[PDB]
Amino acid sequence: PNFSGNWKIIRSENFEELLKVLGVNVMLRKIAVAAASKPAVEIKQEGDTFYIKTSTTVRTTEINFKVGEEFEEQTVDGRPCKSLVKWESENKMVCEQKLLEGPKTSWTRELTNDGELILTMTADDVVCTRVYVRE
């Protein structure tokens, strides 16, 4: 599927809990949660090549990767990692992360038949789920 476009958040579940179990300081956690409530998301996909920009004033993540080639990013709680994206199924990509020790973290993105984008972010047993619609 083509994920390209600007995406707008409509649901977030377990974001604060994810940060909480990862030990993020409560003062920083409240700033992170509030910033994450209204991110600006831009995706440009050309085959297996992805540009994914998620912007908030206090944290912008900008990754330009090819599916099946390793790249550097940060975990959700800000620790440097090596990431590797693969297609799990036809409409779902799964990213495995390894720290540059800690919780086992990952993220997934998929598109529904209606064109809603579902992001999950995991740390051990805690799963955060965020749903977006294309502008």
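A residue's number is simply how far along the shown sequence it sits, counting from 1.
*Asks:* Could you tell me how many residues of the deposited sequence sit unmodelled between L100 and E101 (none, 1 to 3, 4 to 9, 10 or more)?
*Replies:* 1 to 3 residues lack coordinates between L100 and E101.
*Asks:* When the Cα temperature factors in the entry are averaged, is it 106 to 114 or 24 to 32 that ends up higher?
*Replies:* Per the deposited B-factors, the answer is 24 to 32.
*Asks:* Please compare 87 to 95 with 50 to 58 and say which has the higher mean C-alpha temperature factor in the record.
*Replies:* So the stretch with the higher mean C-alpha B-factor is 87 to 95.
*Asks:* Name the residue from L119, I10, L19, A123 with the greatest C-alpha temperature factor listed in the entry.
*Replies:* Top of the list by C-alpha B-factor: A123.
*Asks:* Please say which third, lowest, middle or highest, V67 falls into when its CA temperature factor is compared across its chain.
*Replies:* Tercile = highest for this residue's CA B-factor.
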